[PDB]
Every structure is written in structure tokens, then in C-alpha cells.
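Report on the following structure.
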DNA sequence: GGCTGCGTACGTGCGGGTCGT
DNA sequence: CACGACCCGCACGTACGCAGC
């Protein structure tokens, strides 16, 4: 019984005080700036007096500044487009106006748009894009990597390696990196890979002279390794 | 003392009279169709008045239509001071329920910090509202829902789209199914890519990923596990003989309804680009 | 110190609401 | 479609503190 009573007092306190915080927020939100803090009644009178001073296009603006996209009413012949298409893909009413949209998609991405015209949503490519509708709208989203094995054997590379040192992936893909190491410090990289496996998910920079920041990657859920990421670059 | 008491009672009565007066009168002054205006709480009146005030201060039907999801407007404090009408189709809640008070009040805890750091110019992030829709229902019997948000600031403005839960699915796109650590289980593929479900099946999808993106993919995967669903960026995924292809994916988590237990994974994988660089 | 208007609080009984079973 | 179960907005009365013919 007492419980319900003091919980009543507490909760009503919170409600009152939140109505007073609403009252202050509203008090400063409205223009009548005054010397200092009128009573709540007068504050309200001024609120409604102000509020007597009285939409879709603002919403349009909002969407534009929220997506960086545009609108288009189509058939594949188009019949209308948003002007805001210009700060997006340029080409305003040039390859649009009344043109078929097909003459604006990537020449390869036409039959997918064909298979999607028997709600409606899809993703398309356009001349320099996610799009939804029923008419629709469209909006927009020296060093090289190397993936290895637990014992150093490669798995993946980045092509600009050929710019860095001058080699081609396939004559490295599958081979071993310790086979590429100058006999001097073949052990060093070995030690390095003796460490990254133990250094759970943390970097390790070694000097083969080519720097490289090798570190292990464990499967995010099961947190067990399957490869070592080693960005190597020259110096 | 009793005269001051009776006159205190009566004068205070006058006070409350003009109070309720100015409240329902402020309700009449709203943009709301009176069918709902004077019908609601005065504290609510405070909320939405404040909101619409800072709304019209901070500034055909074609547009909002084709959109998916709804409109969200915040300030530095987080008073979500605008919500588009279309909200009803999602969440289950209505605009008027939630137009101009806290955003953390309706987003799952253990998620607010994202909001925090994202009130610190282009922003793409996933949020955790509370759907009450399954038709509309009541709160606390309602549950957590996810929303991909793309937006910019000025006083923040956001587009919040919903995801396609494979409990309600639906030549460009192919589906896939995997374990938790992502070893395949069920697939469709060759046409656009190369390999076969027979050839792959049990293989870490991180292997057939590009290293340049696998960072973003692991970030959106930690998302996946920590959150509910996801819609990634644009994968540069490998082919059997070819180089990379621009790929998009809307994946989901399968919770075995038997005590909602993390069981399986399913990805709805879109494809964008053709196989670049054959040799 | 008297007594007043005057205003903002805290406490609470009561009508109308909604959830569980 | 009920009934007490409760939770809640909104009255309501009364309290404490400011000012001042």
C-alpha cells in the first residue's frame, strides 16, 4: 500500500518536472528574449500568440539533402524527371527528357530491368545507383596487399605489386614467401609468422628493405584464423 | 487562515481554468486535424509543439511515395523533432507517438553510442528501433527492429529504410545460406560468377573476398552479429578465372525460434558489375 | 509582526484508461 | 464481455516563499 503511494509521488514528480522542462524548452524556443523568466501561463499565451502566425516541397528538399538522388516518372520511355538529377549524374533532359531509360543504363544492364517489368525495387548502373518505386526514385552510395597461409604460402595479392617490384601474381600465387626471402633473414620473417599467429589480431611490422605489417585474421564469430594479412611495401 | 485558504482554493481554481483553456487552445493551433488534436495529453502538446517549432525554424507527393522507410530529423541532443507520415507502414507506431522527443527512448540500448559518436559529412549506419507491427500492437509486447539509415547534417537529417526479412522474401540476384562462421550450406550462381555450389559449399566466404574490402566486410559482419540485419557496400568479389565484380548483399541472421537461438545465416546477394579483367 | 494577492511546487483521490488470466 | 488487477493524466487542495498599499 505504502509502495503504491510513494511510487505515485515519485512518478508524478517526474511527470511534473518533465512538463517544466518542456516548459523551459518552449519558453526559450519562442521569441518573447525577455528580461528574465515569465510565469508559465504567460509563456503559454505567448506560445499560442506566436503560433497563430501561420508541406511537400520542403520534404522534397529534405529527401534531396538526405540521399543525393532524384525522381523520374517512366513507362521504358520516360515522361518526367526531377531537376535535381543534375547535381547527381549531370546530363539534364539530354539523354532523358522523354527518352527510354534503357538508353541511360549501362549497355550490359538492360535485360535485368527487362526482367523487372512484368512494389518494385532494384539496383542499376548509369552514365556518369540504388532505386525504388512502384515512377521511381534513385540515389547513391607503391603499396599492395598480400594474403597468405598459416605457414606463409600465399593466397591473394594486389596487382600494383607489378608497379612496386615488377612481378605477376600467378608466379607467386601458391608459392612460399620464405622462398623469396634473402637467406640472411629468412628466419626473421619466419619468427614474424611465429608471432602473428600468437599475436591474436594485432599488427607486426618487419623489415625484409621491404617493410610489411603482417597480422592474423580470425573468423569474427568463431575467432579462429584462416589467413594472415600482410601489407608489404617498399623502402 | 481559513479565509486565505478558501480564497486560495478559489483563485487556484481560476488558475487551472485558464490552464486547461490555454492547453486545449494550443491544441487547436496545431497543424493536426482536430480529430486527434485536443484529444491528447497536454505534455504531448508540449512535445510536438516544441518539435514543430524548431522544425519550421530550422528551415508533388511524388517524392515520399517511391521512397522506402521514413524520414528522421534530429538535433545535437537527439530530440527527434520530425517523422514522416509513412512511418505507420513500418515500425507500427505513428508519427504523433514520437514526433519530437528522445531518440534513445525508442532505440534499443547497447546501441545509443553509435548515435552519440554520430552526433559529433556523409553517414550510412544501421539503427535499432522498436517495431510493433508484425498489425499494430502495444509496447513491451512490441520488439526490436533494424533500419539502414543514410543521411547528412546541417541539426541532422536521415533516411531510414527497412530490410527484407527472408520470412517474407520478395535474374540479377542470387541467394545463399551459410553457417555462423560462414561456411556455405545452401546456394543456387555460375552464370554471373564462375564457381558452383557443389565446388564451394563448405568454404569461408572471406577467402573468396577481396582484401581491399574485407575490412569493410568484417566491420559489417561484426555489425551483423551484434545487430540484426545489414546492407553492405560494394564488394569486389573474385571469380573462378576472372578478377573482381561489384557485389551487394542484404544478409540476415536465423534465430531458431526455440528459445531464439543463433543458428544460421542467409544472404540475398545482388550483383552489379561484369567480370573485370579476364587475364 | 500581522493578511493579502501571487505563483510554484508536492501529495493524492478519482475517472478512464489496458493488460492479463 | 466481463471483473478487480493495475497504471496514468488531471484535476484538486494546501504549502512555502515573495513582495508591498
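Residue numbers (the entry's author numbering), protein chains in the order written: chain A, 87 to 118, 121 to 142, 160 to 180, 184 to 226, 260 to 269, 306 to 311, 338 to 344, 361 to 427, 438 to 464; chain B, 15 to 73, 89 to 149, 163 to 176, 180 to 199, 219 to 234, 239 to 256, 259 to 349.
No residue lacks a Cβ here, since even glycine has one placed at the ideal position from N, Cα and C.
(message) For residue 409 of chain A and residue 370 of chain A, what's the separation of their Cα atoms in angstroms?
(response) The straight-line gap from Cα to Cα measures roughly 9 Å.
(message) I'd like to know if residue 105 of chain A contacts chain B, where contact means its C-beta is closer than 8 Å to some C-beta of that chain.
(response) yes
(request) Measuring only between beta-carbons, confirm whether residue 309 of chain A sits less than 8 Å from chain B. (result) Chain B, which has a Cβ nearer than 8 Å to the Cβ of residue 309 of chain A, makes this yes.
(message) Along the chain, where does the alpha helix (DSSP H) containing residue 306 of chain B start, and where does it finish?
(response) Here residue 306 of chain B belongs to no alpha helix (DSSP H); instead the beta strand (DSSP E) covers 305 to 308.
(request) Starting from residue 195 of chain B, find everything on chain A with Cβ-Cβ shorter than 8 Å and list it in chain order. (result) Going along chain A in sequence order, the residues near residue 195 of chain B (Cβ under 8 Å) are 171, 172 and 342.
(message) I want to verify the contact list: residues of chain A whose CB lies under 8 Å from the CB of residue 295 of chain B, in sequence order.
(response) 449 and 450
(request) With distances taken Cα to Cα, identify the nearest neighbour of residue 290 of chain B among B:197, B:95, B:91 and B:169. (result) Residue 290 of chain B has its Cα closest to that of B:169, out of B:197, B:95, B:91 and B:169.
(message) Taking 8 Å as the limit between beta carbons, can you name the residues of its chain near residue 422 of chain A, skipping five residues before and five after?
(response) 442, 443 and 444
(message) Three Cβ pairs or more, each shorter than 8 Å: is that satisfied between the stretch 242 to 249 of chain B and the stretch 335 to 345 of chain B?
(response) For the pair of segments examined, the stretch 242 to 249 of chain B was found to touch the stretch 335 to 345 of chain B: the number of CB pairs separated by less than 8 Å reaches three.
(request) Could you spell out the range, first to last residue, of the beta strand (DSSP E) harbouring residue 325 of chain B? (result) 314 to 326
(request) Taking residue 93 of chain A as part of the alpha helix (DSSP H), name the residues at either end of that continuous run. (result) 88 to 115
(request) Taking C-beta pairs closer than 8 Å, name the residues in chain A that residue 48 of chain B reaches, listed in chain order. (result) Residue 48 of chain B does not reach chain A, its nearest Cβ partner there being about 15 Å away, counting only Cβ pairs nearer than 8 Å.
(message) Cutting at 7 Å between CB atoms, please list the residues of its own chain near residue 197 of chain A, excluding the five before and the five after it.
(response) Within the same chain, Cβ atoms closer than 7 Å to the Cβ of residue 197 of chain A are found at 267, 268 and 269, the five residues on either side in sequence being excluded.
(request) Please check if any C-beta of chain B sits within less than 8 Å of the C-beta of residue 112 of chain A. (result) Chain B contact via Cβ: present.
(message) Does any residue of chain B have a CB that is nearer than 8 Å to the CB of residue 264 of chain A?
(response) True, the Cβ-Cβ gap to chain B drops below 8 Å.
(message) Below 8 Å on the Cβ atoms is my contact criterion, and I expect residue 345 of chain B with residue 309 of chain B to pass it. Report the Cβ-Cβ distance as a whole number of Å.
(response) 5 Å
(message) the ligand MG and residue 458 of chain A: does the residue's C-beta get closer than 7 Å to at least one heavy atom of that ligand?
(response) You won't find the ligand MG in this model; it holds no ligand whatsoever.
(message) For a test of the three-state rule: what should DSSP assign to residue 288 of chain B, helix, strand or coil?
(response) helix
(request) Evaluate residue 311 of chain A with the Cβ neighbour count: other Cβ atoms within 10 Å of its Cβ, from every protein chain shown; 16 or more gives buried, anything less gives exposed. (result) Residue environment: residue 311 of chain A is assigned as exposed (fewer than 16 neighbouring CB atoms within 10 Å of its CB, all protein chains considered).
(request) Check whether the stretch 413 to 427 of chain A touches the stretch 315 to 322 of chain B, taking contact to mean three or more Cβ pairs, one atom from each stretch, closer than 8 Å. (result) They do not touch, by the three-pair rule.
(request) Return no unless some Cβ of chain A is closer than 8 Å to the Cβ of residue 19 of chain B. (result) no
(message) Looking at the secondary structure, which residues open and close the beta strand (DSSP E) in which residue 25 of chain B lies?
(response) Premise fails: residue 25 of chain B lies in the alpha helix (DSSP H), 16 to 42, not in any beta strand (DSSP E).
(message) If I measure Cβ to Cβ from residue 326 of chain B and keep anything under 6 Å in the same chain, skipping five residues before and after, which residues do I get?
(response) 333
(message) Checking 8 Å against the spacing of the C-beta atoms, do residue 212 of chain A and residue 223 of chain A come in under that value?
(response) no
(message) Spatial neighbours of residue 347 of chain B within its chain, please: C-beta separation below 6 Å, excluding the five flanking residues on both sides.
(response) 313
(message) On the DSSP letters alone, give me the boundaries of the beta strand (DSSP E) that residue 192 of chain B sits inside.
(response) 192 to 198
(message) Quick check on residue 426 of chain A - is its C-beta less than 8 Å from some C-beta in chain B?
(response) no
(message) Could you compute how far the alpha carbon of residue 132 of chain A sits from the alpha carbon of residue 69 of chain B?
(response) Using only the alpha carbons, I get a separation of about 19 Å.
(message) Measuring CB atoms only, is the stretch 372 to 382 of chain A touching the stretch 393 to 405 of chain A, in the sense that at least three cross pairs come out at less than 8 Å?
(response) Touching, per the Cβ criterion.
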